[PDB]
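K.L.:
these are from a larger complex, still in place; more later:
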Amino acid sequence: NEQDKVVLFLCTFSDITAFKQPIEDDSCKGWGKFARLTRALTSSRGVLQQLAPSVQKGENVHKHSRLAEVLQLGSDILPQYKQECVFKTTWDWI
């Protein structure tokens, strides 16, 4: 805060289903659960891991880049919930 008090919490999210592992309690098929995992992690893979479908090792590059985007977002967690000329008059007079 401006009073430096811990007044709020920010919890940001994404979908790491396809990145780690598919685990289903039940599904129609392996491809069906895989398709649901790809459709769920759409804005994760799509607008962040753009050129990453061409490359391999997405856990080493693109997932780390999305975590770094969250790190830059934590750098942008600075607004802190707070409210955020006579020389021109004298200059125009003279």
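P.N.:
Structure's in. What do you need? Residues are numbered from 1 along each chain as shown, chains lettered A, B, ... in the order given.

K.L.:
how near is the residue nearest to the spatial centre of chain A to residue A:57?
P.N.:
In chain A, the residue lying closest to the centroid (CA atoms, centre = their mean) is residue A:70, at 4.6 Å. Distance, residue A:70 to residue A:57, by CB to CB, to the nearest Å: 20 Å. Where C-beta positions appear, they are placed from N, C-alpha and C, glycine not excepted.

K.L.:
Same question for residue A:8.
P.N.:
Where residue A:57 is concerned, residue A:8 sits at a distance of 37 Å (CB to CB).

K.L.:
and if you look at residue A:82?
P.N.:
42 Å.

K.L.:
ok, residue A:83 - contacts?
P.N.:
In this structure, residue A:83 makes contact with residue A:2, judged by CB atoms under 8 Å, 6 or more residues apart in numbering.

K.L.:
SS state for it?
P.N.:
Three-state call for residue A:83 (DSSP: H, G, I helix; E, B strand; the rest coil): coil.

K.L.:
Now do residue A:62: how many residues are near it, please.
P.N.:
Using other CB atoms under 10 Å, residue A:62 is surrounded by 20 other residues.

K.L.:
Would you check that it makes contact with residue A:53?
P.N.:
No: in this structure, residue A:62 is not within contact of residue A:53 by CB atoms under 8 Å, at 9.2 Å.

K.L.:
Append chain B to the structure above:
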Amino acid sequence: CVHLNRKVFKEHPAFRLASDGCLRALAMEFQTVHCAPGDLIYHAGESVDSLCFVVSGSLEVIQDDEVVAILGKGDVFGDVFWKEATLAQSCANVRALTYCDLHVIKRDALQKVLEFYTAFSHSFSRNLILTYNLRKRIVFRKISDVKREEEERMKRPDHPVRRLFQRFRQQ
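P.N.:
Take a look at chain B, now in place beside the chains above:
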């Protein structure tokens, strides 16, 4: 007025099932508030008589000096009138954070329109989800209070008063 309240009618799912006559007879009742930042609409204890749609800006909802709800673009607060038919007090302050554009409607004109447009009012009740009831006081405790309770381990006649608590049991 319909063009002025297009910012409600094109956005909310509560209004996309309305007749165009209902659209005009609603839009003729919608005031428009330009809330300055830091200025509060409903003080805690004031009468809630007008559900508000937020078409622009950001709002905070303060109950007991604590932010309970942040209201963004496209949120509805106030109180459901047509279910309750009861005037209530605002259990929370509602302050604005930014230059806020609200489209409010008092409960009397709303009830007039909803009594006239009977087939619309059911879909209105089914579709309109209040982002914050300003009647229903929400029960919560502060973390300073449970810190005091954890401090109270160091600390560790009622009969005229506990019967009053039994009156609370009678309450």
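
K.L.:
once more on the contacts of residue A:83, this time with chain B?
P.N.:
A:2, B:37, B:38 (CB atoms under 8 Å, 6 or more residues apart in numbering or on different chains).

K.L.:
Quick check: of those, which has the highest neighbour count?
P.N.:
Counting neighbours by other CB atoms under 10 Å in any protein chain shown, residue B:37 leads these with 13 neighbours.

K.L.:
correct me, but that residue touches residue B:98?
P.N.:
Yes: counting by CB under 8 Å, residue B:37 touches residue B:98, with 5.4 Å between them.

K.L.:
what's the nearest residue to residue B:1 if we skip its chain neighbours?
P.N.:
Distance criterion CB to CB, 6 or more residues apart in numbering or on different chains; nearest residue to residue B:1, sequence neighbours excluded, is residue B:27 at 3.8 Å.

K.L.:
An error on my part: the question was meant for residue B:128.
P.N.:
Of all residues beyond its chain neighbours, the one nearest residue B:128 is residue B:14 (4.0 Å), with distances taken as CB to CB, 6+ apart.

K.L.:
three-state assignment of that neighbour?
P.N.:
coil.

K.L.:
Contacts only, for it.
P.N.:
B:76, B:124, B:127, B:128 are the contacts of residue B:14 under CB under 8 Å, 6+ apart.

K.L.:
residues near the second one, how many?
P.N.:
The reference is to residue B:124. 20.

K.L.:
Kindly incorporate the sequence below as chain C:
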Amino acid sequence: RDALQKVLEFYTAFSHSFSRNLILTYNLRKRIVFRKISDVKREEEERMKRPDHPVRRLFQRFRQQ
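P.N.:
Once chain C is put in with the chains from before, the structure reads:
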């Protein structure tokens, strides 16, 4: 209608002759039932085209209506 009803409540002997003489050119309450000629053209087209129990009971509710 409010000022009209005020006057007609006051002028009682006039209001009967008013009711007898005033013929509405169009009732804006009474919805008039009609069909379009495009619709019966579609019905004549429907000769080429030529489960209900949860819904037809609703139609029986229409019978109850």
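
K.L.:
ok chain C is loaded, check the neighbour count of residue B:124 again?
P.N.:
Applying other CB under 10 Å, we find 20 other residues in the vicinity of residue B:124.

K.L.:
Report the buried residues of the helix or strand hosting it.
P.N.:
Following DSSP states H and E, one finds residue B:124 within helix B:118-127. For helix B:118-127, burial by neighbour count (16 or more other CB atoms under 10 Å in any protein chain shown) applies to B:120, B:121, B:123, B:124.

K.L.:
Quick check: the two most widely separated of those?
P.N.:
The span of these, defined through CB to CB, is set by B:121 and B:123 at 7.5 Å.

K.L.:
Show me the helices in chain B, by range?
P.N.:
In chain B, the segments counted as helices under DSSP state H are B:6-9, B:20-27, B:81-84, B:107-116, B:118-127, B:143-151, B:159-170.

K.L.:
Chain A now?
P.N.:
Using DSSP H, helices in chain A cover A:17-20, A:30-40, A:42-45, A:62-75, A:86-93.

K.L.:
ok now the fourth one, how far from the chain's centre?
P.N.:
Once both centres are worked out by CA atoms, centre = their mean, to the nearest Å, helix A:62-75 turns out to sit 6 Å from its chain's centre.

K.L.:
what does the last one give?
P.N.:
Averaging C-alpha coordinates over helix A:86-93 and over its chain gives two centres that are 46 Å apart (CA atoms, centre = their mean).
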